[PDB]
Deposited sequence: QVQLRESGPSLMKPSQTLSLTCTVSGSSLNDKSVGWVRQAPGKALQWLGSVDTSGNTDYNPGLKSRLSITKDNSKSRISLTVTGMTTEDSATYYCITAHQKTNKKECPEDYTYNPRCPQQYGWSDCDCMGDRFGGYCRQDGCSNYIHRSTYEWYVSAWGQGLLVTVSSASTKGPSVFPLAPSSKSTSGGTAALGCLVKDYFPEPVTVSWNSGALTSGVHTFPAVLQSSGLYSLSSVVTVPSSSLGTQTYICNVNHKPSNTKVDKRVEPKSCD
């Protein structure tokens, strides 16, 4: 059970260098794949247990990957970041293996048999015939792909935004239910997360203890260049004013966490 955790900046300026880290826990190769919004997955590179590194040939000059076994990390460096490089960067582990042409067990490569007798599918001759060629000892090489690769574990991904605009933490405002906005025994209350940059923002309710009907909506990009979203949760109408309801807004890009209490709408 391998767990992969990406860490690094959430915001780059144009032409800055992106340095990411992946911390591997549990126990091939460890590498990086990215996906820009609305675009296809793009393999970047990987480093195997022996220290060998490989890179997307179209991006190799910009990439660099290193490892540390004592720290159980790998890194990723990406030079000359542009808006084209804004993407979610996933740390991965991959199964890798190149299979040479091998004969099955109890068989040995013997080119004399097909060379001299013309037998088919007979590159290998059973060892039980002790170097002699018998057609009932023929065999092809082990049937298998020459190259094996696939992603065995995916990290959760780190969103990286390239922009000249600077980080901004969010302003959190309450979406308080009114006496007319309820839904009988339940009611919708939420928080408006306003004017932050870059993405992402996550929102829980009561430190995760409240999950029923929770939904965080996609963010809107205002003309100011700042994002806004809303999170809503459904709540017992009889509890409005008795139970405390707090939306925990986390904005990792600015190392900001806001716990906003949502109190019943009041006529002060």
| field | Segments lacking C-alpha coordinates (deposited sequence numbering, starting at 1) | value | 28 to 31
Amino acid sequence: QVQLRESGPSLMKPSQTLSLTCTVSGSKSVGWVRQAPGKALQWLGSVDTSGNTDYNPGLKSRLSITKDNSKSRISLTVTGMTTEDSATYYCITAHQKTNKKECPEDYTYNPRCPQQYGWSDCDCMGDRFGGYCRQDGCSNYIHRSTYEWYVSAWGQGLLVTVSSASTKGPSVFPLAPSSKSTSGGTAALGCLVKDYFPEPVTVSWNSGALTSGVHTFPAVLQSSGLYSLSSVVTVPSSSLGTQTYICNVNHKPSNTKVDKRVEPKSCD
From here on, numbers count along this sequence of modelled residues.
| Per the PDB record, is the mean Cα temperature factor higher over 167 to 175 or over 146 to 154? | 146 to 154
| On average, which has the higher Cα B-factor in the deposited entry, 79 to 87 or 95 to 103? | 95 to 103
| note | Per the deposited B-factor column, the C-alpha that peaks among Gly137, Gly185, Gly190, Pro198 belongs to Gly137
| field | Residue, from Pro218, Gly241, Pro236, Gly38, that the PDB entry assigns the highest Cα B-factor | value | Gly241
| field | Entry-reported Cα temperature factor of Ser61, expressed as the chain third it lands in | value | middle
| task | Among all modelled residues of this chain, ranked by Cα B factor, put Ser181 in the bottom, middle or top third, i.e. lowest, middle or highest. | result | middle
| said: Lowest, middle or highest third: which one holds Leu229 when the chain's residues are ordered by CA B-factor from the entry? | reply: lowest
| query | If you rank the chain by CA B-factor, which third does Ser25 end up in: lowest, middle or highest? | reply | highest
| Where the record places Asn110 (Cα B-factor, split into thirds across the chain) | middle
